[PDB]
Amino acid sequence: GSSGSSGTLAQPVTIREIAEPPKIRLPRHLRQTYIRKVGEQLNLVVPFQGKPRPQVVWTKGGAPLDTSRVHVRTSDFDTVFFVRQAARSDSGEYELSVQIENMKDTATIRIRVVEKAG
């Protein structure tokens, strides 16, 4: 008779697979113009998920942090951002992207600095 079926011949593809995809868990306190005062110390904890070890990239508009005066303590678990004094200048947008074997993620953060009142 005549049966029906699909299929083709072609060597398989062997390639390592990812354990867990990158995910930038943004808190509710970051989903809004971060209002802060000048001089005060900044503290931002943006947790990230993924495996085996998701990289953490920090950029301000497109360029990486000067990493000269800023103290960025990234932990396998989550990353942490802090600053001695929040100068009105700092006020901008912090983009956080997670690098992975064959995956990548991005995120935006709004930061606003206001001069103390007197």
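Per-chain numbering applies: from 1 upward along each written sequence, possibly unlike the entry's numbering, with residues missing coordinates excluded. Values shown for side chains rest on all heavy atoms present in the structure; no hydrogens or waters enter the calculation.

- The deposited coordinates, according to the entry record, derive from solution NMR.

### Some details on the nonpolar core
Alright, step 1. Residues grouped as a nonpolar core are buried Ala, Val, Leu, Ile, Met, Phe, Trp, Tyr and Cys residues, joined through side-chain atoms within 4.5 Å. Exposure is judged per residue with a 1.4 Å probe applied to protein chains only, and the accessible area is read against the type maximum: over 50% gives exposed, under 20% gives buried, and values in between give partly exposed. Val-46, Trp-58, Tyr-94, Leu-96 and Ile-109 are the most contacted members of the largest nonpolar core, which has 21 residues in total.
Alright, step 2. Secondary structure counts use DSSP, requiring at least four H or I residues in a row for a helix and at least two E residues in a row for a strand, with both numbered from the N terminus. Those elements giving two or more residues to this core turn out to be strand 3 (42–51), strand 4 (55–60), strand 7 (78–83), strand 8 (92–99) and strand 10 (108–114).
Alright, step 3. The element that contributes the greatest number of residues to this core is strand 3, accounting for four residues.
Alright, step 4. The criterion used for residue contact is that any of the two residues' heavy atoms lie within 4.5 Å. Those residues in contact with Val-46, other than ones at most four positions away along the chain, are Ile-24, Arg-25, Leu-26, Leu-30, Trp-58, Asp-78, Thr-79, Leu-96 and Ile-109.

### Some remarks on the sheet that holds strand 1 (residues 20–24)
Alright, step 1. Spatially, four strands are ordered 1-3-7-6 in an open sheet, and the strand pairing comes out antiparallel. Strands with a single pairing partner mark the edges of an open sheet, and in this sheet they are strand 1 and strand 6 (71–74). Across the sheet, the axes of successive neighbouring strands diverge by a mean angle of 15°, strand direction being ignored.
Alright, step 2. Each pair of strands is called paired provided DSSP finds at least two bridges between the two strands. Note that strand 1 and strand 3 share three bridges and pair antiparallel. Bridge assignment links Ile-24 to a residue of strand 3, and that residue is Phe-48. Whenever a helix is involved, its axis is fitted only over the stretch in contact; in every case the axis is a line through C-alpha atoms, and angles between N-to-C directions fall within 0 to 180 degrees.

### Section: the side chain of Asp-105
Alright, step 1. Residue placement: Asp-105 occurs in strand 9 (residues 104–105).
Alright, step 2. Positive charge is attributed to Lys and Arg, negative charge to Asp and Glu, and no charge count is given to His or to the chain ends. We count a salt bridge whenever a side-chain nitrogen from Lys or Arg sits within 4 Å of a carboxyl oxygen from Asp or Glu. Buried and without a salt bridge, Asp-105 has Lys-23 as its closest oppositely charged side chain, separated by 5.6 Å.
Alright, step 3. We call two N or O atoms a polar contact when they sit within 3.5 Å, provided that within protein one can donate a hydrogen and the other can accept it, with sequence-adjacent residues counted only if both atoms are side-chain atoms. Side-chain polar atoms of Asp-105 contact the backbone nitrogen of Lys-23, separated by 3.3 Å.
Alright, step 4. When near neighbours in sequence (up to four residues on either side) are disregarded, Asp-105 contacts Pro-22, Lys-23, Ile-24, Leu-96, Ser-97 and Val-98.

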